[PDB]
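First the structure, in the form of structure tokens, and then the observations on it.
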Amino acid sequence: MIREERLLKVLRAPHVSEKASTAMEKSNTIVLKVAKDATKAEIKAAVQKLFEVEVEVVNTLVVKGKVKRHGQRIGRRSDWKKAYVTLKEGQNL
Amino acid sequence: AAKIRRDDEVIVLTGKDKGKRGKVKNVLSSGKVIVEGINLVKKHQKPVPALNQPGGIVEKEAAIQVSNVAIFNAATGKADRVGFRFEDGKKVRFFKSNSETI
Amino acid sequence: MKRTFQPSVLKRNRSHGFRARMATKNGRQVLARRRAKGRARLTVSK
Amino acid sequence: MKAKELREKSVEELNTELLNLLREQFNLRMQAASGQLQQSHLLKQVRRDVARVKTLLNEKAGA
Amino acid sequence: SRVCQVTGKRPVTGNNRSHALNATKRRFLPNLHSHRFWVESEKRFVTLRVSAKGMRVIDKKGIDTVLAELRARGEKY
Amino acid sequence: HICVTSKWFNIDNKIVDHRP
RNA sequence: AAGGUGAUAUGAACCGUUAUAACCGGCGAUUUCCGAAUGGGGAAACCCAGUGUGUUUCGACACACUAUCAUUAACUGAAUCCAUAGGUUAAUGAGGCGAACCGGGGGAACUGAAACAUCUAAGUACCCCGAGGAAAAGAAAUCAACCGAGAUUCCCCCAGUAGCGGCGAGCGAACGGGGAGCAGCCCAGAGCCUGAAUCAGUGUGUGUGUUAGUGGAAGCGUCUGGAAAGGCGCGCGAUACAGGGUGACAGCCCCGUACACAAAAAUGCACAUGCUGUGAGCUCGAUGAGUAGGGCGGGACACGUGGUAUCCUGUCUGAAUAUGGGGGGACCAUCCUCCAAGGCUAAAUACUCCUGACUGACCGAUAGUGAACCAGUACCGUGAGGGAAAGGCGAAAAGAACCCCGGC
RNA sequence: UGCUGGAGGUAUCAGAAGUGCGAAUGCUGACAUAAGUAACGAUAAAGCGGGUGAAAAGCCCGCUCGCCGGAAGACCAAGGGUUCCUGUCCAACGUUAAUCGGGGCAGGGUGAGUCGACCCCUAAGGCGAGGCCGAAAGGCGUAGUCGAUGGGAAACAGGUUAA
RNA sequence: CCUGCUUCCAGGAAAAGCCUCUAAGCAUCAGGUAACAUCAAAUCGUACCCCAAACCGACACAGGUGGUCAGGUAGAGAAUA
Ligand SMILES: N[C@@H](Cc1c[nH]c2ccccc12)C(=O)O
Ligand SMILES: N[C@@H](Cc1c[nH]c2ccccc12)C(=O)O
Ligand SMILES: [Mg+2]
Ligand SMILES: [Mg+2]
Ligand SMILES: [Mg+2]
Ligand SMILES: [Mg+2]
Ligand SMILES: [Mg+2]
Ligand SMILES: [Mg+2]
Ligand SMILES: [Mg+2]
Ligand SMILES: [Mg+2]
Ligand SMILES: [Mg+2]
Ligand SMILES: [Mg+2]
Ligand SMILES: [Mg+2]
Ligand SMILES: [Mg+2]
Ligand SMILES: [Mg+2]
Ligand SMILES: [Mg+2]
Ligand SMILES: [Mg+2]
Ligand SMILES: [Mg+2]
Ligand SMILES: [Mg+2]
Ligand SMILES: [Mg+2]
Ligand SMILES: [Mg+2]
Ligand SMILES: [Mg+2]
Ligand SMILES: [Mg+2]
Ligand SMILES: [Mg+2]
Ligand SMILES: [Mg+2]
Ligand SMILES: [Mg+2]
Ligand SMILES: [Mg+2]
Ligand SMILES: [Mg+2]
Ligand SMILES: [Mg+2]
Ligand SMILES: [Mg+2]
């Protein structure tokens with residue numbers, strides 16, 4: 001095809017979180033933590049194949065890890081990517 | 001190679017429960033062991049708000065040194081110490097003082 | 001009044017960064033000493 | 001689960017290969033993350049299974 | 001570098017000494033020159049950076065020998 | 001505490017020349 | 001092997017019990033990105049390519065390869081026809097890091113002289129280059145003194161002597177003797193005989209060490225106590241009374257210890273051979289020239305130019321060649337003794353980033369490593385760089401259910 | 001020897017030294033003193049009512065009052081790096097209290113063919129195959145290759161999120 | 001508008017994108033121009049402070065910090081009230 005079926009392990013988790021997620025459900029589109037190296041087109045494919053839905057276009061943004069806690073030293077979390085996916089019309093999941 | 005093991009009957013050797021006997025409920029990474037009914041303590045367990053919330057005093061088993069329990073003979077009714085080897089196919093444990101094997 | 005540290009990352013990296021450090025026999029000895037000292041930040045970079 | 005497929009055919013294996021991912025692994029992540037998956041240890045194996053899968057096939061072909 | 005391609009002569013450090021014997025570091029460096037040499041055995045000129053003596057050797061041993069050396073040793077030339 | 005930075009000047013400064 | 005899924009760290013969900021749980025060792029596999037970084041770039045962990053591959057959804061993305069230098073070959077190929085330089089490809093090797101010991105290129109000043117130039121500190125500190133398991137040195141153009149010795153290296157003497165020295169401060173040998181370890185060989189070449197000694201690289205074998213392991217003796221009674229290993233009594237093992245642990249001090253509770261054993265695999269070391277590369281052997285030859293020496297300038301020799309031998313050479317010179325030449329501390333004779341101007345060479349010697357085991361009239365938390373602790377950390381500094389504090393509940397968490405004041 | 005303490009200590013005669021502290025404007029830590037004294041960081045200024053609360057001069061809401069308005073309003077770059085928003089808590093941080101916060105804990109939040117970087121292009125300048133030079137380290141520089149503070153295609157009015 | 005216009009001396013970046021020109025080269029081809037249709041535009045930044053309590057000043061420090069916008073009354077005014 002263009003992207004091997006193997007590499008459609010880019011979808012990592014739904015981000016069903018906040019009205020941001022759900023209130024932007026009730027007006028098209030779904031959002032997801034997705035890989036890190038994922039290429040919009042590369043992640044559209046995943047959502048076509050798996051999930052078997054339609055997809056108009058996909059937007060991406062990177063979330064930066066909050067650094068916190070600790071006394072002297074310090075701990076930081078990992079960065080990760082957001083989805084915001086926007087399905088064509090016969091919208092299901 | 002452990003001279004004492006999981007299901008296994010022993011007589012306490014030192015302290016508190018000097019003379020008592022019991023089965024090894026389970027043995028620990030530390031080389032300490034829990035012998036059922038044997039070395040008891042009274043944990044004041046705290047309540048936890050989200051379910052299993054009541055909490056209360058609880059009598060419970062407290063790990064103790066394997067150095068301080070001996071395997072029990074039954075044939076003689078005393079502590080016996082262990083030893084190794086047949087040359088059978090396996091190894092197995094025999095009571096010292098009568099190669100009695102078990 | 002204007003004080004001595006006027007931060008600027010471009011200058012920072014260009015003057016003290018890994019590659020700059022790497023571009024000179026002595027700059028390299030700089031790292032070598034810091035490695036031998038077991039330093040956690042060889043050169044304060046991104 | 002090792003020699004069980006030491007002899008399982010280079011082409012054939014790439015099947016379970018996908019079947020570990022194609023099914024178990026992807027479904028498991030999704031299902032898990034979504035708060036379903038009550039038996040977490042399934043994530044440990046599958047991943048470890050794919051490792052086996054790829055250990056052969058790599059050692060069968062070419063190496 | 002100021003190295004004689006024939007003898008390997010290079011600058012060497014020694015001292016100055018005044019009439020009061022004050023030592024001041026200094027260098028003796030060789031009498032280099034660079035010289036177009038005809039080989040004939042290659043129908044060509046070759047410029048070697050050469051010391052006098054380097055020349056006097058070439059005079060005696062004769063060019064081609066000297067050129068066996070250098071090439072034997074790897075000198076560019 | 002964290003509490004540990006002392007950059008004590010130079011004397012302090014003003015005046016004095018105390019006739020020579 | 002009967003228990004396991006590293007630690008803070010419970011919990012969840014699991015896995016295993018007579019052999020595919022875990023754990024230990026041998027050999028494999030995978031091994032993102034940056035970093036010598038090597039496809040180009042770059043503000044390290046990022047941007048962008050050329051060419052090859054890759055798609056019953058053969059686009060764009062993914063992967064592989066493409067740095068430079070050296071050697072060798074091949075093909076190409078100017079001014080210039082020949083020929084070179086230049087250019088493409090290819091095969092090999094290099095590159096970077098690393099504690100000391102080692103050889104080499106450079107090389108201070110404080111300081112000492114009760115000041116300071118000579119002299120000292122000192123060929124030290126430091127910079128640099130290079131290499132090995134050791135390095136270097138080494139098979140007399142050496143000493144001796146008319147008797148003799150017989151490579152190099154290290155140790156003790158000789159001796160703080162002889163000497164050097166603003167004869168100040170200081171520096172400081174050798175001869176000869178006692179020891180450690182000892183080893184000797186090639187090239188400067190052609191003929192015959194030819195791959196014959198040997199060395200390295202390598203495959204195999206064997207033995208021996210290594211990287212997991214196995215077995216391993218014998219204690220009970222009672223007293224005090226929260227707890228016995230302690231006291232007292234009576235037994236027992238000892239080729240095992242090294243040591244650690246266990247509720248207080250244990251040969252006989254545990255782990256060991258002495259002792260006896262063990263390797264599927266990979267390896268260090270020896271031999272034994274196979275393969276590659278290499279030369280052995282006899283006859284007859286050959287015997288290290290811009291060198292020795294000298295002049296000038298420095299430097300090395302304990303030796304500061306001194307009556308100064310000897311060694312090295314920046315500079316200008318320049319022999320003899322066995323009936324010859326070097327040295328014997330100016331120099332000459334005689335005598336004696338050695339053979340420079342090509343190389344190789346093991347041991348006695350040096351060192352410890354690191355592995356294992358063992359030891360101490362060494363420290364015990366302001367000590368000892370800066371660091372007994374998640375320390376080169378927190379912190380300070382643009383940076384180089386500097387650089388802390390901080391160990392102990394109990395035998396066992398049995399780490400205080402529940403009630404009361406208080407602002408859940 | 002009493003008390004405390006709760007596990008080590010060692011006569012004797014020999015032996016060996018990190019062997020004795022009040023001073024060094026010594027070193028480290030702890031604790032005094034002045035003293036409940038100065039001070040609480042612009043003289044733009046507050047008053048009251050009602051909420052909440054264990055507690056309100058300081059928070060919330062309201063009505064007045066006052067202050068900036070070429071700023072003391074508004075958008076950024078540089079620099080910071082979660083300080084943004086929402087719940088929750090008030091020990092420590094806040095020069096007072098604190099129900100409040102840029103403070104603790106948890107959760108959320110950054111959506112681009114068109115803005116910007118990457119990218120093409122170069123200035124200063126940097127690096128620099130070969131190369132010239134240099135005891136070593138290295139120096140300079142050609143071909144190039146990098147480097148914006150400058151050049152280079154393209155979206156506007158309105159709405160909506162607690163953010 | 002204006003990178004204009006007038007004037008003066010101190011005489012006022014570079015390169016690419018863009019336009020055009022052809023060489024080797026291709027000549028039915030390929031390319032070039034236009035209309036319509038369609039497909040592609042990845043990646044990274046985007047919160048918040050920014051004359052300040054969030055940056056440089058050890059501090060919630062009377063200091064320092066470049067660019068942008070600029071209403072009414074009086075006023076020459078970005079002064080001042
Ligand atoms: N007043 C100062 C003396 C002084 C005078 N000039 C100075 C300059 C710098 C520092 C101190 C001083 C003191 O207390 O000692
Ligand atoms: N000596 C003068 C002036 C003075 C003040 N401070 C000083 C510091 C250095 C020298 C001089 C001064 C005085 O005390 O009145
Ligand atoms: Mg984005
Ligand atoms: Mg690269
Ligand atoms: Mg590169
Ligand atoms: Mg002096
Ligand atoms: Mg004789
Ligand atoms: Mg054993
Ligand atoms: Mg035993
Ligand atoms: Mg000779
Ligand atoms: Mg040698
Ligand atoms: Mg310490
Ligand atoms: Mg103490
Ligand atoms: Mg004292
Ligand atoms: Mg005193
Ligand atoms: Mg007072
Ligand atoms: Mg007063
Ligand atoms: Mg006051
Ligand atoms: Mg914060
Ligand atoms: Mg906020
Ligand atoms: Mg307070
Ligand atoms: Mg906050
Ligand atoms: Mg450019
Ligand atoms: Mg070069
Ligand atoms: Mg240059
Ligand atoms: Mg710019
Ligand atoms: Mg914004
Ligand atoms: Mg404030
Ligand atoms: Mg301020
Ligand atoms: Mg004004």
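Identifiers in the structure tokens: chain A, B, ... in order shown; residue index from 1 per chain; ligand index from 1 in order shown.
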
Would you mind listing, as a PDB file with N, CA, C and O atoms (P, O5', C5', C4', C3', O3' and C1' of nucleotides), in the first residue's frame, all residues of chain H that have at least one atom within 8 Å of chain E, where only C-alpha atoms (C1' of nucleotides) are what counts?
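Saved the output as part_20.pdb:
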ATOM      1  P     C H 133      55.399  25.480   1.507  1.00  0.00           P
ATOM      2  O5'   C H 133      54.908  26.110   2.887  1.00  0.00           O
ATOM      3  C5'   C H 133      55.246  27.438   3.250  1.00  0.00           C
ATOM      4  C4'   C H 133      54.822  27.773   4.658  1.00  0.00           C
ATOM      5  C3'   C H 133      55.424  26.934   5.758  1.00  0.00           C
ATOM      6  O3'   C H 133      56.759  27.269   6.042  1.00  0.00           O
ATOM      7  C1'   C H 133      53.134  27.251   6.188  1.00  0.00           C
ATOM      8  P     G H 134      57.733  26.189   6.722  1.00  0.00           P
ATOM      9  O5'   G H 134      57.159  26.006   8.194  1.00  0.00           O
ATOM     10  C5'   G H 134      57.269  27.057   9.132  1.00  0.00           C
ATOM     11  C4'   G H 134      56.493  26.760  10.383  1.00  0.00           C
ATOM     12  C3'   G H 134      56.995  25.574  11.177  1.00  0.00           C
ATOM     13  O3'   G H 134      58.098  25.898  11.986  1.00  0.00           O
ATOM     14  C1'   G H 134      54.662  25.432  10.943  1.00  0.00           C
ATOM     15  P     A H 135      59.481  25.105  11.812  1.00  0.00           P
ATOM     16  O5'   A H 135      59.582  24.243  13.146  1.00  0.00           O
ATOM     17  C5'   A H 135      58.561  23.319  13.478  1.00  0.00           C
ATOM     18  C4'   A H 135      59.133  22.071  14.091  1.00  0.00           C
ATOM     19  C3'   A H 135      58.122  21.046  14.569  1.00  0.00           C
ATOM     20  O3'   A H 135      57.619  20.232  13.544  1.00  0.00           O
ATOM     21  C1'   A H 135      59.657  21.424  16.277  1.00  0.00           C
TER      22        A H 135
END

Using 12 Å as the limit and counting only C-alpha atoms (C1' of nucleotides), can you tabulate each residue of chain A that touches chain G, with its shortest atom-to-atom distance in Å and the two atoms involved, as a Markdown table?
| residue | atom | partner | partner_atom | distance |
| --- | --- | --- | --- | --- |
| A:1 | CA | G:57 | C1' | 5.1 |
| A:2 | CA | G:55 | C1' | 7.0 |
| A:3 | CA | G:61 | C1' | 7.7 |
| A:4 | CA | G:55 | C1' | 8.5 |
| A:5 | CA | G:55 | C1' | 11.1 |
| A:7 | CA | G:62 | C1' | 10.3 |
| A:37 | CA | G:32 | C1' | 11.7 |
| A:38 | CA | G:61 | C1' | 11.6 |
| A:39 | CA | G:61 | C1' | 9.7 |
| A:41 | CA | G:61 | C1' | 10.3 |
| A:42 | CA | G:61 | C1' | 9.2 |
| A:45 | CA | G:57 | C1' | 11.3 |
| A:49 | CA | G:57 | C1' | 11.5 |
| A:70 | CA | G:374 | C1' | 11.8 |
| A:71 | CA | G:378 | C1' | 9.3 |
| A:72 | CA | G:378 | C1' | 5.7 |
| A:73 | CA | G:378 | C1' | 7.3 |
| A:74 | CA | G:378 | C1' | 10.7 |

Please determine the contact residues of chain D with respect to chain G at a cut-off of 10 Å, counting only C-alpha atoms (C1' of nucleotides), and supply them as a VMD selection string.
chain D and resid 1 to 3 38 to 42 44 51 54 to 56 58 to 59 63

Around ligand 5, out to 12 Å and counting only C-alpha atoms (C1' of nucleotides) and all ligand atoms, which residues are there? I want them as a PDB file with C-alpha atoms (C1' of nucleotides), in the first residue's frame.
ATOM      1  CA  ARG C  19      29.794  21.110  18.961  1.00  0.00           C
TER       2      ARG C  19
ATOM      3  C1'   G G  35      28.701  10.848  19.936  1.00  0.00           C
ATOM      4  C1'   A G  36      35.519   9.261  16.042  1.00  0.00           C
ATOM      5  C1'   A G  37      30.036   9.920  13.369  1.00  0.00           C
ATOM      6  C1'   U G  38      31.929   8.557   8.226  1.00  0.00           C
ATOM      7  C1'   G G  39      25.866  10.657   2.718  1.00  0.00           C
ATOM      8  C1'   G G  40      25.705  16.644   3.102  1.00  0.00           C
ATOM      9  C1'   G G  41      24.529  20.083   7.062  1.00  0.00           C
ATOM     10  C1'   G G  42      24.070  21.342  12.321  1.00  0.00           C
ATOM     11  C1'   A G  67      33.322  11.030   4.722  1.00  0.00           C
ATOM     12  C1'   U G  68      38.490  11.616   4.634  1.00  0.00           C
TER      13        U G  68
ATOM     14  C1'   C H 127      34.426  25.958   8.731  1.00  0.00           C
ATOM     15  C1'   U H 145      30.129  24.579   2.588  1.00  0.00           C
TER      16        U H 145
END

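With the cut-off set to 12 Å and only C-alpha atoms (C1' of nucleotides) and all ligand atoms counted, the residues surrounding ligand 13 are residues 364, 365, 366, 367, 391 and 392 of chain G.
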
Selected residues, N, CA, C and O atoms (P, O5', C5', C4', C3', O3' and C1' of nucleotides), written as a PDB file, in the first residue's frame, please.
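Wrote it out as result35.pdb, contents follow:
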ATOM      1  P     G G 364      38.784   6.110  64.469  1.00  0.00           P
ATOM      2  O5'   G G 364      37.304   6.041  63.910  1.00  0.00           O
ATOM      3  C5'   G G 364      36.667   7.213  63.435  1.00  0.00           C
ATOM      4  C4'   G G 364      35.333   6.894  62.823  1.00  0.00           C
ATOM      5  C3'   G G 364      34.307   6.391  63.829  1.00  0.00           C
ATOM      6  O3'   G G 364      33.005   6.872  63.534  1.00  0.00           O
ATOM      7  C1'   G G 364      34.719   4.719  62.195  1.00  0.00           C
ATOM      8  P     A G 365      32.484   8.188  64.277  1.00  0.00           P
ATOM      9  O5'   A G 365      31.867   9.046  63.087  1.00  0.00           O
ATOM     10  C5'   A G 365      32.747   9.757  62.223  1.00  0.00           C
ATOM     11  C4'   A G 365      31.993  10.546  61.198  1.00  0.00           C
ATOM     12  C3'   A G 365      30.743  11.227  61.725  1.00  0.00           C
ATOM     13  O3'   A G 365      30.502  12.450  61.021  1.00  0.00           O
ATOM     14  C1'   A G 365      30.144   9.585  60.107  1.00  0.00           C
ATOM     15  P     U G 366      30.809  13.879  61.714  1.00  0.00           P
ATOM     16  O5'   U G 366      32.266  14.246  61.221  1.00  0.00           O
ATOM     17  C5'   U G 366      32.553  14.591  59.873  1.00  0.00           C
ATOM     18  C4'   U G 366      33.609  15.659  59.854  1.00  0.00           C
ATOM     19  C3'   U G 366      34.862  15.297  60.631  1.00  0.00           C
ATOM     20  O3'   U G 366      35.968  15.954  60.058  1.00  0.00           O
ATOM     21  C1'   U G 366      33.865  17.177  61.619  1.00  0.00           C
ATOM     22  P     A G 367      36.704  15.319  58.804  1.00  0.00           P
ATOM     23  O5'   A G 367      37.232  13.934  59.368  1.00  0.00           O
ATOM     24  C5'   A G 367      38.068  13.933  60.508  1.00  0.00           C
ATOM     25  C4'   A G 367      38.403  12.541  60.939  1.00  0.00           C
ATOM     26  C3'   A G 367      38.888  11.638  59.823  1.00  0.00           C
ATOM     27  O3'   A G 367      40.273  11.768  59.578  1.00  0.00           O
ATOM     28  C1'   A G 367      37.188  10.551  61.039  1.00  0.00           C
ATOM     29  P     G G 391      23.614  12.189  59.154  1.00  0.00           P
ATOM     30  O5'   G G 391      22.645  10.934  59.036  1.00  0.00           O
ATOM     31  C5'   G G 391      22.355  10.346  57.775  1.00  0.00           C
ATOM     32  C4'   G G 391      22.552   8.852  57.789  1.00  0.00           C
ATOM     33  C3'   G G 391      22.030   8.134  59.016  1.00  0.00           C
ATOM     34  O3'   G G 391      20.625   7.961  58.970  1.00  0.00           O
ATOM     35  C1'   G G 391      24.184   7.317  58.460  1.00  0.00           C
ATOM     36  P     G G 392      19.757   7.897  60.326  1.00  0.00           P
ATOM     37  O5'   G G 392      20.290   6.581  61.022  1.00  0.00           O
ATOM     38  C5'   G G 392      20.017   5.312  60.454  1.00  0.00           C
ATOM     39  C4'   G G 392      20.033   4.241  61.504  1.00  0.00           C
ATOM     40  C3'   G G 392      19.172   4.537  62.724  1.00  0.00           C
ATOM     41  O3'   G G 392      18.537   3.340  63.164  1.00  0.00           O
ATOM     42  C1'   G G 392      21.419   4.176  63.393  1.00  0.00           C
TER      43        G G 392
END

Would you mind listing what lies within 8 Å of residue 55 (chain A) as a ChimeraX atom specification, with only C-alpha atoms (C1' of nucleotides) counted and same-chain residues fewer than 6 positions away left out?
/A:44,47-48,85-88

Residues within 8 Å of ligand 25, counting only C-alpha atoms (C1' of nucleotides) and all ligand atoms, as a PyMOL selection string:
chain H and resi 127-128+140-141

Output the selection as a PDB file, in the first residue's frame - N, CA, C and O atoms (P, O5', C5', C4', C3', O3' and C1' of nucleotides) for each residue.
ATOM      1  P     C H 127      37.268  29.245  11.770  1.00  0.00           P
ATOM      2  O5'   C H 127      36.764  27.934  11.032  1.00  0.00           O
ATOM      3  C5'   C H 127      36.063  26.936  11.753  1.00  0.00           C
ATOM      4  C4'   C H 127      35.450  25.917  10.834  1.00  0.00           C
ATOM      5  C3'   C H 127      36.386  25.288   9.824  1.00  0.00           C
ATOM      6  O3'   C H 127      37.199  24.285  10.396  1.00  0.00           O
ATOM      7  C1'   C H 127      34.426  25.958   8.731  1.00  0.00           C
ATOM      8  P     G H 128      38.733  24.115   9.944  1.00  0.00           P
ATOM      9  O5'   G H 128      38.613  23.797   8.388  1.00  0.00           O
ATOM     10  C5'   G H 128      37.893  22.662   7.932  1.00  0.00           C
ATOM     11  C4'   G H 128      37.706  22.666   6.434  1.00  0.00           C
ATOM     12  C3'   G H 128      38.969  22.711   5.586  1.00  0.00           C
ATOM     13  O3'   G H 128      39.588  21.434   5.468  1.00  0.00           O
ATOM     14  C1'   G H 128      37.428  24.313   4.781  1.00  0.00           C
ATOM     15  P     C H 140      44.103  30.986  11.657  1.00  0.00           P
ATOM     16  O5'   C H 140      44.385  31.178  10.108  1.00  0.00           O
ATOM     17  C5'   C H 140      44.831  32.427   9.636  1.00  0.00           C
ATOM     18  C4'   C H 140      45.322  32.336   8.222  1.00  0.00           C
ATOM     19  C3'   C H 140      44.283  32.067   7.145  1.00  0.00           C
ATOM     20  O3'   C H 140      43.612  33.258   6.776  1.00  0.00           O
ATOM     21  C1'   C H 140      46.163  30.675   6.811  1.00  0.00           C
ATOM     22  P     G H 141      42.084  33.267   6.299  1.00  0.00           P
ATOM     23  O5'   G H 141      42.108  32.549   4.884  1.00  0.00           O
ATOM     24  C5'   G H 141      42.767  33.141   3.778  1.00  0.00           C
ATOM     25  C4'   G H 141      43.032  32.118   2.705  1.00  0.00           C
ATOM     26  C3'   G H 141      41.814  31.477   2.076  1.00  0.00           C
ATOM     27  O3'   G H 141      41.200  32.286   1.094  1.00  0.00           O
ATOM     28  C1'   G H 141      43.361  29.801   2.627  1.00  0.00           C
TER      29        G H 141
END

Residue 36 (chain A): which residues within 12 Å, counting only C-alpha atoms (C1' of nucleotides), same-chain residues fewer than 3 positions away excluded, as a ChimeraX atom specification?
/A:9-12,32-33,39-40,42-43,60-64,78-83 /I:43

Running DSSP on the backbone, which parts of chain D land in helix (DSSP H, G or I), as a PyMOL selection string?
chain D and resi 10-33+41-58

Find the residues near ligand 16. Use a cut-off of 9 Å, count only C-alpha atoms (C1' of nucleotides) and all ligand atoms, and write them as a ChimeraX atom specification.
/H:34-35,37-38

Find the residues of chain B that sit at most 7 Å from chain G; for each, write down the nearest two atoms and how far apart they are in Å, to one decimal. Count only C-alpha atoms (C1' of nucleotides). Sort by chain, then by number going up, and give it as a Markdown table.
| residue | atom | partner | partner_atom | distance |
| --- | --- | --- | --- | --- |
| B:15 | CA | G:227 | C1' | 5.5 |
| B:41 | CA | G:398 | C1' | 5.4 |
| B:42 | CA | G:398 | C1' | 6.2 |
| B:43 | CA | G:398 | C1' | 6.2 |
| B:44 | CA | G:401 | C1' | 4.6 |
| B:45 | CA | G:401 | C1' | 5.9 |
| B:46 | CA | G:401 | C1' | 6.1 |
| B:55 | CA | G:401 | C1' | 6.4 |
| B:56 | CA | G:401 | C1' | 4.3 |
| B:57 | CA | G:401 | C1' | 5.1 |
| B:65 | CA | G:246 | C1' | 6.9 |
| B:67 | CA | G:254 | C1' | 4.6 |
| B:68 | CA | G:253 | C1' | 6.0 |

Quick one: residues within 12 Å of residue 25 (chain A), only C-alpha atoms (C1' of nucleotides), excluding same-chain residues fewer than 4 positions away - as a list in words?
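So, after excluding close chain neighbours, the residues are residues 15, 16, 17, 18, 19, 20, 21, 29, 30, 31, 32, 84, 85, 86, 87, 91, 92 and 93 of chain A.
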
Enumerate as a PDB file with N, CA and C atoms (P, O5', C5', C4', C3', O3' and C1' of nucleotides), in the first residue's frame the residues within 10 Å of ligand 14, counting only C-alpha atoms (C1' of nucleotides) and all ligand atoms.
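Okay, this is what ended up in result-v7.pdb:
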ATOM      1  P     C H  21      42.151  18.051  75.709  1.00  0.00           P
ATOM      2  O5'   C H  21      42.850  19.426  75.319  1.00  0.00           O
ATOM      3  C5'   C H  21      43.339  20.321  76.315  1.00  0.00           C
ATOM      4  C4'   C H  21      43.229  21.786  75.917  1.00  0.00           C
ATOM      5  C3'   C H  21      41.843  22.314  75.556  1.00  0.00           C
ATOM      6  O3'   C H  21      41.752  23.677  75.936  1.00  0.00           O
ATOM      7  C1'   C H  21      43.286  22.647  73.746  1.00  0.00           C
ATOM      8  P     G H  22      40.965  24.141  77.247  1.00  0.00           P
ATOM      9  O5'   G H  22      40.315  25.520  76.824  1.00  0.00           O
ATOM     10  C5'   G H  22      39.454  25.584  75.700  1.00  0.00           C
ATOM     11  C4'   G H  22      39.630  26.877  74.957  1.00  0.00           C
ATOM     12  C3'   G H  22      40.896  26.961  74.126  1.00  0.00           C
ATOM     13  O3'   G H  22      40.716  27.893  73.072  1.00  0.00           O
ATOM     14  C1'   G H  22      41.012  28.525  75.882  1.00  0.00           C
ATOM     15  P     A H  23      40.368  27.414  71.591  1.00  0.00           P
ATOM     16  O5'   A H  23      41.573  27.945  70.684  1.00  0.00           O
ATOM     17  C5'   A H  23      42.614  28.789  71.172  1.00  0.00           C
ATOM     18  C4'   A H  23      42.147  30.208  71.401  1.00  0.00           C
ATOM     19  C3'   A H  23      42.941  31.323  70.711  1.00  0.00           C
ATOM     20  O3'   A H  23      42.100  32.441  70.425  1.00  0.00           O
ATOM     21  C1'   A H  23      43.154  31.531  73.065  1.00  0.00           C
TER      22        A H  23
END

Given a cut-off of 8 Å, what residues near ligand 27 show up using only C-alpha atoms (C1' of nucleotides) and all ligand atoms, put as a PDB file with N, CA and C atoms (P, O5', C5', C4', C3', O3' and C1' of nucleotides), in the first residue's frame?
ATOM      1  P     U I  46       4.769  24.969  21.670  1.00  0.00           P
ATOM      2  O5'   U I  46       3.596  25.948  21.247  1.00  0.00           O
ATOM      3  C5'   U I  46       3.799  27.338  21.412  1.00  0.00           C
ATOM      4  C4'   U I  46       2.848  28.156  20.597  1.00  0.00           C
ATOM      5  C3'   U I  46       1.394  28.227  21.084  1.00  0.00           C
ATOM      6  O3'   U I  46       0.973  29.578  21.109  1.00  0.00           O
ATOM      7  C1'   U I  46       1.481  27.694  18.768  1.00  0.00           C
ATOM      8  P     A I  47       0.789  30.366  22.488  1.00  0.00           P
ATOM      9  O5'   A I  47       0.270  29.298  23.544  1.00  0.00           O
ATOM     10  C5'   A I  47      -1.057  28.803  23.472  1.00  0.00           C
ATOM     11  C4'   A I  47      -1.597  28.461  24.837  1.00  0.00           C
ATOM     12  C3'   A I  47      -1.528  29.560  25.892  1.00  0.00           C
ATOM     13  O3'   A I  47      -2.618  30.470  25.825  1.00  0.00           O
ATOM     14  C1'   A I  47      -0.661  27.552  26.783  1.00  0.00           C
ATOM     15  P     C I  48      -2.363  32.044  25.651  1.00  0.00           P
ATOM     16  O5'   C I  48      -1.629  32.474  26.991  1.00  0.00           O
ATOM     17  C5'   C I  48      -2.211  32.170  28.252  1.00  0.00           C
ATOM     18  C4'   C I  48      -1.274  32.442  29.408  1.00  0.00           C
ATOM     19  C3'   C I  48      -0.432  33.709  29.333  1.00  0.00           C
ATOM     20  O3'   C I  48      -1.147  34.890  29.667  1.00  0.00           O
ATOM     21  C1'   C I  48       0.930  31.904  29.989  1.00  0.00           C
TER      22        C I  48
END

Could the residues that lie within 12 Å of ligand 8, counting only C-alpha atoms (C1' of nucleotides) and all ligand atoms, be listed as JSON, numbers by chain?
{"B": [1, 2, 3, 83, 84, 85], "G": [213, 214, 215, 216, 255, 256, 257, 261]}
